[PDB]
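A single chain, nothing else alongside it, follows as structure tokens in the form deposited in one PDB entry.
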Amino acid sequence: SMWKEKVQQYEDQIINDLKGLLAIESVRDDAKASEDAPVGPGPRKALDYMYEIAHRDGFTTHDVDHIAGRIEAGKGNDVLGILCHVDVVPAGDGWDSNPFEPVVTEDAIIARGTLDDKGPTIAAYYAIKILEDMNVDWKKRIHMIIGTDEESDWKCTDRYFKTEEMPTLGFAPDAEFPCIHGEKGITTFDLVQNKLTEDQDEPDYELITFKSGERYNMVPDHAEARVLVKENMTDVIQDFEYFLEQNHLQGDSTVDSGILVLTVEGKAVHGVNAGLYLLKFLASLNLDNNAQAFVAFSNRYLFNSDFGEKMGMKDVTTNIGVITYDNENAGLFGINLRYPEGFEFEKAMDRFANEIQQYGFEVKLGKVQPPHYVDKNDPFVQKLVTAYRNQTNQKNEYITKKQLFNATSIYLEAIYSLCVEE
């Protein structure tokens, strides 16, 4: 409530600006639109009005085709995004006032857009201003992004974000998928080998089975290969130990009646893939046709490509979490893939699936879930709810002076702690 009485000092100014904004009849008019006013004159003036008060108060602004724009504050690498709207739905008939003539009651402001979204826009705005008035030492930039087109849902695909920087965190009450960083996208898929049904001479080494990995999203910490050894057991055991030593790994081998069991420990999470290293050792040997192609595939595409590089998809992130092989079915890799907003996974998997068929392998992809914002997990959104709790216990549309100044003091708290650290 140091916040709350900090807002007390700006009361006149807040109501005055809100009045200015409310007096503009920023209702959509598609019939009157033009290049200068792509959703009508009304909304265009409301957007400009925000720019004017920003210029009046020393802030930089940036306009986008006269349909949306932003007010800029603060400094630092991260930008906090606060999205809102100054366009307004029409006045239903029979009000007990003129909807675009703000009436200032003893304790309330009555007009259209008092609730959505002009009250809150001004509230958000004055937060940034008041902090600017105190010469705070900003740690994050802020983009107060203002729209006029109710047909936008702020999608990464909608106009503003077609070209403008994504907020690294933020608040967007109305939007389902606003273009704001949050959760990385996710897919899983399998690389399945075509078993080559072809006779051959008896190899030095035959892979009977390979197993590594329980979950798509964990680094396998264990790998086991079982191998029928034709002649020389002693060299492969010696080389395996040297391999363990050179790559700083734990593992061992067991021999019984010509069956060699090779086992590698590795470290997990979601820290060394045991299966990939074990396949890397197997590539030095003369194996049967199918184990050889299977082992070679992992070396060409998978080994030491934590970040997609070898699949030419790289931060994008790939985990090889399942690895099987037997004589019968011929093995497969189960892949987990994470990616940030702005990676093209379609054309990527296209170039990959196509390029792989060369080696009798094919993609079978699982479900794909694209990158997206999660309000409830947004660091700002949480600080806002923390401050409500910390502070608080369309026809004839009105907003209370107390909701109005409550909102402001709440943005103030949350914004402060996230931008001037707290």
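Numbering starts at 1 and follows the sequence shown.
Absent from the display: the form deposited in another entry. The rest refers to it.
Rigid-part rearrangement between the shown form and the other one places its hinge, out of 113, 339, 279, 178, at 178. An increase of at least 3 Å in the separation of the C-alpha atoms of residue 381 and residue 53 is found in the other entry, compared with the displayed form. Relative to what is shown, residue 181 and residue 123 are closer in the other entry; their C-alpha atoms differ in spacing by at least 3 Å.
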